[PDB]
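What follows is a single chain, given as structure tokens, in the form deposited in one PDB entry.
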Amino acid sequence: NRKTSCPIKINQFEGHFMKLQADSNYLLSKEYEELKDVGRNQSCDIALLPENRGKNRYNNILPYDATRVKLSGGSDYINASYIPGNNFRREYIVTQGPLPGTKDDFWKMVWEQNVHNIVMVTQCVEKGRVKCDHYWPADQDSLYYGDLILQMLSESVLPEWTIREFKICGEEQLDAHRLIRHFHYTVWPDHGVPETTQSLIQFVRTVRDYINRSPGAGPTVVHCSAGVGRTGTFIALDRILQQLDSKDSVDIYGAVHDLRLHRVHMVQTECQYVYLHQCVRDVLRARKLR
């Protein structure tokens, strides 16, 4: 029944988005609402098993069975979902903020899934509430995490994000040792989206640049506290900005639709949906004049 895609010619985008926003977002809200049930036929039965409650930060925010990431061994559960790319599977892994009791699991998944890049879009504490464990080392002294050894090589604080590099080694499969880059966006507001489009556009472009210069990146891990709206907004913006560099139409609706198929709450508020439109708007406004 419902639309899976709403492509807009770039030359029409400014007017499209104005029309969507007219009459207090009348049409924007109607469009957003058409996405409401996408993916929602899918079960999370494994995530709900009695063994796994402690492994979920939030008991009501769970991976679908069909797209969950599995750990090797006798207890395969982690709160994490695969997101396919346009050209190949497993472009992204979306996950929750690791718990003290799941941080070893997190690094095991990183190792086993050949991940080279992690994007974190939450602070560890927000508004007095714990949102994520500090699941990486506090300094440059090496530490075991389960069967893995980790050592932080650098930690670089920038105005709106912090970039860390780690050495990691686990049981040898496709590699025997690895460098991990971690991109920590530190300024997402406590309720609402970033104040500027520029900030997240530049964060997404920076991460994408680092990924693209890797000889082999693996899936990119993206997490907030729950692996929900902020993470989905990040990934959607990555897709949308690449679209603007390749095609003469942009499909924000489709980008969000595609994410919702694979995990609950991928772009979770109308405000995030609006923000994605504002980002596209602003890029196109600039380009029109250059």
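Residue positions are given as counts along the sequence shown, with the first one as 1. In this text, rigid core is short for the largest set of C-alphas that superpose within 1.5 Å between two forms.
The same protein also exists as the form deposited with a small molecule bound; that form is not shown, yet it is the one meant from here on.
Asker: Of these, 195, 190, 171, 141, which has a heavy atom no more than 4.5 Å from the small molecule in the deposited complex?
Answerer: None of the others qualify; the residue that does is 190.
Asker: Just give me the single entry in 222, 237, 259, 226 that has a non-hydrogen atom within 4.5 angstroms of the small molecule in the deposited complex.
Answerer: In short, 226.
Asker: Thinking of 60, 230 and 268 as the candidate spot, does the small molecule come within 4.5 Å of a heavy atom on all of them in the deposited complex?
Answerer: Per the other structure, all of 60, 230 and 268 touch the small molecule.
Asker: Could you tell me which of 64-72, 43-51, 237-245, 260-268 sits within 4.5 Å of the small molecule in the deposited complex, going by non-hydrogen atoms?
Answerer: In the other structure, the partner sits against 260-268.
Asker: Following rigid core alignment, is the displacement of the residue 190 C-alpha between the shown form and the other one equal to or greater than 2 angstroms?
Answerer: It does shift by 2 Å or more.
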